[PDB]
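Secondary and tertiary structure notes
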Amino acid sequence: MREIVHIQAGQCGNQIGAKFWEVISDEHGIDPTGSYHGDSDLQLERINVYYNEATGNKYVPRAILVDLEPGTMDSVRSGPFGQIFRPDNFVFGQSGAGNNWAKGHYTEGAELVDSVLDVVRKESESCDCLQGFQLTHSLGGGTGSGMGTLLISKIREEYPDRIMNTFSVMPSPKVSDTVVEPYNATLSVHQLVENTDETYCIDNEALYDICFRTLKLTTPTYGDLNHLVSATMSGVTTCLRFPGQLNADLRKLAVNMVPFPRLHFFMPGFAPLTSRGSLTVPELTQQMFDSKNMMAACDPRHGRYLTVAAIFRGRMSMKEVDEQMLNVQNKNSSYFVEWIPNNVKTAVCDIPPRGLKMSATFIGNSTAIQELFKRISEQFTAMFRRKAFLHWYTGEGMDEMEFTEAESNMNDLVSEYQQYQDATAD
Amino acid sequence: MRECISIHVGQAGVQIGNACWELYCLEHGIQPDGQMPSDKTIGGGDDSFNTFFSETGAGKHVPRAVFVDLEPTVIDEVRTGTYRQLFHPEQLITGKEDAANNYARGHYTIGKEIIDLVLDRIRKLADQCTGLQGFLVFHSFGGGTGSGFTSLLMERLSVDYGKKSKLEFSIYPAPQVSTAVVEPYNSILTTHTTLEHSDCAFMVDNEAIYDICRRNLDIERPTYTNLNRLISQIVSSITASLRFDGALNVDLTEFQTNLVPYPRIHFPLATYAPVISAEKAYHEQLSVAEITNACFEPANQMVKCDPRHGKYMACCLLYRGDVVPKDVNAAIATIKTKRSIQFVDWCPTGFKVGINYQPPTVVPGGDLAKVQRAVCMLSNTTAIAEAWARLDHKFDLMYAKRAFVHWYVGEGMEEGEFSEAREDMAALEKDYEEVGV
Amino acid sequence: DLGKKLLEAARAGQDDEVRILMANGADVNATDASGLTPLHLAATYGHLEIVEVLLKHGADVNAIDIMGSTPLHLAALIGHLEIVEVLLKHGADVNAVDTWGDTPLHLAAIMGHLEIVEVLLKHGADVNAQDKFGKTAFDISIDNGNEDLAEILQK
Ligand SMILES: Nc1nc2c(ncn2[C@@H]2O[C@H](COP(=O)(O)OP(=O)(O)OP(=O)(O)O)[C@@H](O)[C@H]2O)c(=O)[nH]1
Ligand SMILES: Nc1nc2c(ncn2[C@@H]2O[C@H](COP(=O)(O)OP(=O)(O)O)[C@@H](O)[C@H]2O)c(=O)[nH]1
Ligand SMILES: COc1ccc(/N=N/c2cc(OC)c(OC)c(OC)c2)cc1O
Ligand SMILES: [Ca+2]
Ligand SMILES: [Mg+2]
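Residues numbered from 1 in each chain as written, not as in the entry; some residues may be left out. Chains lettered and ligands numbered in written order. Heavy atoms only, no water. Residues with missing side-chain atoms left out of burial classes, pairs and counts.

In its metadata, the entry names X-ray crystallography as the structure determination method and reports 2.2000 Å as the resolution.

Listed below in structure tokens is the structure:
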């Protein structure tokens, strides 16, 4: 378990995926040319998890870039870390999807998925010890949502025993007022329940409420939202990129966080929330479980925690961290399930993110995530009751039963979260 | 001289095995390259330490140990450590993909890809022995390899080595340093599958060793290095009778004759004293009676339980150092009455005593202080069922909701083995209760 | 049949074709198999020009389909702010109720069209209107945790 093949699909997938490679390269000390200008050899331990090793001390990220829109190709190249990618890993088509989940999943994306799969093998077969894949994309679009979930199922058919991980961006009318996005998201959640082992729920609704109300940003931009996404993806992959004690394993993370196979949607959290260009141990643990620090528009005090993983970063005494985490479990014992003993794991890392001396990342499997799924389902039902724009989807060959099955699957997913939220151990 | 083979499985078994063999070399006078200056016979020997160390033609003393792990990270540090020149290179077996804290991966899917190679290397050490008497297996309860792969290994050793003995040093899980949430599952599954194939098992409660390091060694947050150094100190006191001259527990057959009255109840309790921090180098020297009293204090036990809550079926005392035999008899005579000690009706109320007149050896860098006399008590009491009761409760809380069960069923294991293992545990608690607890 | 051609013309947004058909006696109030009029489709697909044209030629601003959806229901759902105000300027029923108990205020709140929500309240949207499940527009904001929506409904 070492190498991880990163895949970014769509406009949102390539955008938030570019920020991921800019932030973690700063932490590992890698310039856009590829050289290692670091000051500590700790940045090269398990460096091959997200990078290949080329001649000249040049580290090449193990990322594959996908999008039907040809304009996204030049959007990454013209970035700061733009030319640290393989020209052979750019897979782009002629036309886009236009927020149509059917075009990306059945017609347009079906012609380009095999162009991506052959690039996945070249990265996979050239890996020493591959463990799994991670995907960044949005669910409200047509490419990252439609073709993204299709690409997941095609990869799993050729790598069944590998771990599938996704960073899914949930749609929200506060950031994108498009009425067909609840169609795309609901159809994609129907795919993510079956073909992924672990999914981080990054909610644009929660990201807007953080920039607008907490960060006091009047008109939040995508760069404002992606500042939180890049800061969250870095913390959740801290063990995956540094030694510490947890030796970085996507499988061991899933065995300890996913008690039931369908309930593999994680609620990420981060503290302290900082803007752009602008805390004690009892302070980090406090905000870590606060509703204002979660990247999913859900109140954790409305449900119960099945499993929780926390990553502390920076200079801090190991004993004090074990005291506060046990103390917060005492003051908030009613929000943890009593039939999963010792369901809170604490991780520590010496190297903090840049610009910060201490930080904390929250990875929670809480039943309160049903509030997010109830929201997307309510928007889906209102649109589907009136059959609005359904011809945009059935014209590409989709069956109307797929909409009824996708809504029925997510309603059952919400019902499963409620069953365990009310269960007792006695 | 009858040779013993030590087998180390998983990170816990390998790291504790590494510290154990370091302490063996300091106690026997063996250098990291394997040279033993006080060994007159070169190329062979009939001495007591030959039960653990073989001898090559060049005067090299090599442990009779095998290190196995489904991933190479932990063993690679033994391949490049201080004692890298000591172990046989072909006895360090490493895979590439571990069991992921999943019993099913270690026993069914991943473990089967290396099981035949492990037995062929074990066979090579067995062919070098003139009188192999048994095996010593070091593994964890909560790990995928330590639970799944060990049970598969124990099943295979019973077929190839039918009449040989097999002892365990198991690592009981503790939430303070636990790695997986499913460790109660792996602990119950490997116990049910290894119970028939094991003759005697010394459990090491990670929480018991954790509290001793905090309370007696003044360590604010004990690491794996601090725990393993104290564990190896107790493992050496247990296996010292196999490695030196004496008359108590001289071979593996005597271990179960003295400690195991019935096959299923083969979990003795180990108690060690004194534990004194190295920063108090000028401490007062405890007497034979004061360290003997400490053996009946629950704060010195290797498994957190209350011995005065149960009955004793066997009690063996192993002293090390400046110890006069008449001082032990006087210490027993008081403790035989002044302490609430109860033996079952069907056991002859006795205390077997063995004395080794060499004081314990401390490793450079440890946290323990030099002592002139120490004692390790091995006793089979029904109070150790409390450890199973605490472990079965966490099992019941999760299995009732079938949590994490799909991870096991997806790796060749059937769900019926879960219910079958818990029933075997309920009968084990019923075995201790029908004796007296 | 010009009635079937006026339906397709209002959807695709062919303004000149809509004028030609109405000149040849096309039924402006024709319906499809589900009860949708040209005013329903023009309001759904956001064709403000066809919306104002039909209303000047006898289109029923409060027509309903088999599910009881008015043109204002579909305009509040998809989010065509200008069409909503044009419909209201021609006497559209702001509190029309469909077969699911939903009003134009319910759909605008669920889909997050805050600008349309503010317009509906100015024209007299009943905030006490309950759907088939008893939810009001206020209940939707509280249950969804939409602080911006609840603030608007607390004028
Ligand atoms: N005392 C002590 N316990 C350890 C040590 N290393 C691991 N453990 C215990 O072992 C348990 C986890 O099992 P491991 O041995 O680490 O895992 P494994 O046997 O390699 O099997 P895998 O899951 O496949 O990695 C934890 O509960 C730890 O408490 C150690 O060095 N000393
Ligand atoms: N947080 C965040 N969300 C984005 C970004 N870009 C697009 N989105 C969201 O993604 C949705 C559009 O999907 P998109 O990826 O552009 O379509 P695709 O090309 O088919 O994958 C909208 O609802 C946006 O809110 C971004 O950079 N950051
Ligand atoms: C509820 O019980 C538990 C919860 C989480 C546990 N470990 N958590 C992780 C998290 C990781 O990255 C975030 C790892 O890096 C990929 C990771 O590598 C092993 C483990 C462990 C638990 O026993
Ligand atoms: Ca010799
Ligand atoms: Mg291991």
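Details of the overall build of chain B
Secondary structure assignment for chain B yields 14 helices and 12 strands. Once the C-alpha set of chain B is aligned to its principal axes, its extents read approximately 60 × 55 × 45 Å. Residue pairs at least 24 apart in sequence account for 82% of intrachain contacts in chain B once pairs closer than 6 positions are excluded. (Helix = DSSP H or I, 4+ residues; strand = E, 2+ residues; numbered from the N terminus. Contact = heavy atoms within 4.5 Å.)

Considering the site of ligand 2
Residue and element names in this part refer to chain A. Around ligand 2, 19 residues are found, and the nearest of them are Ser138, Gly142, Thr143, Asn204 and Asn226. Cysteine 12 has a polar backbone atom sitting 2.9 Å from an oxygen atom of ligand 2. Measuring from a nitrogen atom of ligand 2, one finds a side-chain N or O atom of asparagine 204 at 2.8 Å. Coverage of ligand 2 by the protein amounts to 92% of the 580 Å² it exposes when considered alone. Elements that contribute at least two residues to the shell around ligand 2 include exactly α1 (10–28), α4 (143–158), α6 (204–214) and α7 (222–236). (Near = heavy atom within 4 Å. Polar contact = N/O pair within 3.5 Å; in protein donor to acceptor, adjacent residues only side chain to side chain. Areas by Shrake-Rupley, 256 points an atom, 1.4 Å probe, with all protein chains shown as cover.)

Some remarks on the environment of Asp114(A)
Residue and element names in this part refer to chain A. Tracing the sequence through the fold places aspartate 114 in helix α3 (residues 101–125). Exposure remark for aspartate 114: the relative accessible area of 46% places this residue in the partly exposed category. Separated by 163 residues in sequence, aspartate 114 and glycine 277 have C-alpha atoms that sit 42 Å apart. (Buried < 20%, exposed > 50% of the residue type's maximum accessible area, 1.4 Å probe, protein only.)

Digging into the interface of chain A and chain B
Taken together, the contact pairs 28 residues of chain A with 25 residues of chain B. Between chain A and chain B, the buried area comes to about 2400 Å², and carbon and sulfur atoms account for 60% of it. Summed over the shared surface of chain A and chain B, the result is 2 salt bridges. For the salt bridge of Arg162(A) with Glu97(B), the shortest nitrogen-to-oxygen distance reads 2.8 Å. Taken together, chain A and chain B are joined by 8 residue pairs in polar contact. Elements with a contribution of two residues or more to the side of chain A that touches chain B: α8 (250–257) and α10 (318–331) of chain A. Element by element, the count of residues in the side of chain A that touches chain B is highest for α8(A), at 5 residues. Of the residues in the side of chain A that touches chain B, the class split is 14 nonpolar, 7 polar and 7 charged. (Buried area = accessible area lost by both parts, 1.4 Å probe. Salt bridge = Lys/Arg side-chain N within 4 Å of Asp/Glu carboxyl O. Nonpolar A, V, L, I, M, F, W, Y, C, P; charged D, E, K, R; others polar.)

A word on the sheet that holds strand β11 (residues 352–356) of chain B
All names here are of chain B. Pairing is mixed in the open sheet, where 4 strands are placed in the order β9-β12-β10-β11. On the outer flanks of this sheet lie β9 (269–273) and β11, each paired with one strand and no other. Strand-to-strand, the axes of this sheet are offset by a mean angle of 15 degrees, without reference to chain direction. Where strand β10 (residues 312–321) meets β11, 5 bridges bridge the pair, whose relative direction is parallel. (Pairing = 2+ DSSP bridges. Axes fitted to C-alpha atoms, helices over the stretch in contact; angles between N-to-C directions.)

Looking at the coordination of the calcium ion (ligand 4)
All names here are of chain B. Bound to the calcium ion (ligand 4) are the protein donor atoms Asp39 (OD), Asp39 (OD), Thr41 (O), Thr41 (OG1), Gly44 (O), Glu55 (OE) and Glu55 (OE), situated 2.5 to 2.8 Å from the metal. All donor residues of the calcium ion (ligand 4) come from one chain, and their arrangement in sequence is D-x1-T-x2-G-x10-E. For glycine 44, a relative accessible area of 28% corresponds to the partly exposed category. (Donors = N, O, S within 2.8 Å, 3.2 Å for Na, K, Ca; no water.)

Overview of the interface of chain A and chain C
Many descriptions give the size of an interface as the accessible area lost when the pieces come together. The partner chain C presents 22 residues to the 15 residues of chain A that form the contact. Of the roughly 1800 Å² buried at the junction of chain A and chain C (both faces included), carbon and sulfur atoms supply 55%. Counting the surface chain A buries against chain C, the share from its top three residues, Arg213(A), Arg385(A) and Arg386(A), is 34%. A salt bridge links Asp98(C) to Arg386(A); its shortest N-O distance comes to 2.6 Å. Across the contact surface, chain A and chain C share 8 residue pairs in polar contact. Breaking the side of chain A that touches chain C down by element, the ones donating at least two residues are α6 and α11 (370–385) of chain A. The element contributing the most residues to the side of chain A that touches chain C is α11(A), with 5 residues. Taken together, the residues that form the side of chain A that touches chain C break down as 7 nonpolar, 2 polar and 6 charged.

Focus: the packing of helix α1 (residues 10–28) of chain B against helix α8 (residues 224–243) of chain B
All names here are of chain B. For the pair α1 and α8, the least separation of the axes is 8 Å and the interaxial angle reads 55 degrees. Considering the angle they form, α1 stands oblique to α8. Helix-helix and strand crossings are classified by hand; for α1 and α8 the assignment is right-handed. Between α1 and α8, the contacting residues are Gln11, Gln15, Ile16, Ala19, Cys20, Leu23, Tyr24, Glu27 and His28 on the first element and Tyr224, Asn228, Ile231, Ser232, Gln233, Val235, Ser236, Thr239 and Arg243 on the second. (Parallel < 35°, antiparallel > 145°, perpendicular 65-115°, else oblique. Left-handed = near helix turned anticlockwise from the far one by under 90°.)

A short note on the site of ligand 1
Taken together, 25 residues form the shell around ligand 1, and within it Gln15(B), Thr145(B), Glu183(B), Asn206(B) and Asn228(B) come nearest. Around ligand 1, the nearby residues trace back to chains A and B. A distance of 3.1 Å is found between an oxygen atom of ligand 1 and a backbone nitrogen or oxygen belonging to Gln11(B). Between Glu183(B) and ligand 1, the recorded distance is 2.7 Å, taken from a side-chain N or O atom to an oxygen atom. Isolated, ligand 1 exposes 640 Å² of accessible area, and the fraction of that covered by the protein chains is 98%. Of all the secondary-structure elements, those providing two or more residues to the shell around ligand 1 are α1, α5 (144–160) and α8 of chain B. Sorting elements by how many residues they give to the shell around ligand 1 places α1(B) first, with 5 residues. Tallied by class, the residues present in the shell around ligand 1 amount to 8 nonpolar, 13 polar and 4 charged.

Focus on the pairing of strand β4 (residues 65–69) of chain B
Along any regular strand, the residues point their side chains to alternate faces of the sheet. All names here are of chain B. With 5 of its 5 residues buried, β4 lies for the most part within the structure. Of the two faces of β4, both are covered, the one formed by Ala65, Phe67 and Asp69 as well as the one formed by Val66 and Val68. Bridge count between strand β1 (residues 4–9) and β4: 4 bridges; the pairing is parallel. Considered in β4, the bridge of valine 9 is made with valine 68. Two elements, β4 and strand β5 (residues 92–94), share 3 bridges in a ladder whose sense is parallel. When the bridges of β5 are listed, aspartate 69 appears paired with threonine 94. After leaving β4, the chain enters helix α2 (residues 73–79) and then returns to the sheet as β5, a path that is right-handed. (Right-handed = clockwise from strand over helix to strand, strands pointing away.)

A few points about the side chain of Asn343(A)
As for its position among the elements, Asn343(A) is in the loop between α10 and β11 (344–349). A polar contact is formed between the side chain of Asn343(A) and the backbone oxygen of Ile340(A), at a distance of 3.3 Å. Ignoring any residue separated from it by four or fewer positions in sequence, one finds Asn343(A) in contact with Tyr305(A), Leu306(A), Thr307(A), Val308(A), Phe336(A), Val337(A) and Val181(B).

A closer look at the UniProt feature "active site" in chain B
All names here are of chain B. Annotation from UniProt places "active site" at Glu254. Mapped onto the elements of the fold, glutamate 254 is located in helix α9 (residues 252–259). Residue classification places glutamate 254 among the buried positions, given a relative accessible area of 18%. (UniProt positions renumbered as here; feature names shortened; annotations may be inferred.)

A few points about the packing of aromatic side chains
One pass over the structure, following the stated rule, counts 51 aromatic pairs over all chains. For the ring pair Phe85(A) and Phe90(A), a centre distance of 6.5 Å and an interplane angle of 75 degrees mean the geometry is edge-to-face. Each member of the pair, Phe85(A) together with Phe90(A), is buried. Here the aromatic residues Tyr183(A), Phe380(A), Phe384(A), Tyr393(A) and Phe403(A) are joined through ring pairs into a cluster of three or more. A cation sits over an aromatic face here: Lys387(A) above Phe384(A), 4.3 Å from the ring centre. Residue placement shows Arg402(B) over the ring face of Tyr399(B); its charged tip is 4.1 Å from the ring centre. (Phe/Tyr/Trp six-rings, centres within 6.5 Å; stacked < 30°, edge-to-face > 60°. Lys NZ or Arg CZ within 6 Å of the ring centre and 35° of its normal.)

Brief notes about the domain arrangement of chain B
Residues and elements named next belong to chain B. As assigned here, chain B comprises domain 1 (3–259) and domain 2 (269–385). In this assembly, 34 residues from domain 1 lie in contact with 33 residues from domain 2. Counting the surface lost from both domain 1 and domain 2, the interface buries some 3000 Å², and carbon and sulfur atoms represent 65% of this. On the domain 1 side of the contact with domain 2, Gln233, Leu248 and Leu259 bury the most area, a combined 20% of that side's loss. Counting across the domain 1 and domain 2 interface gives 4 salt bridges. For the interface between domain 1 and domain 2, the tally reads 10 residue pairs in polar contact. Residue assignment for the side of domain 1 that touches domain 2 shows that the elements contributing at least two residues are α1, β8 (200–205), α7 (206–215), α8 and α9. Considering every element that reaches the side of domain 1 that touches domain 2, the biggest residue donor is α8, with 10 residues. Looking at the side of domain 1 that touches domain 2, its residues break down into 19 nonpolar, 7 polar and 8 charged. (Domains from an automatic or database assignment.)

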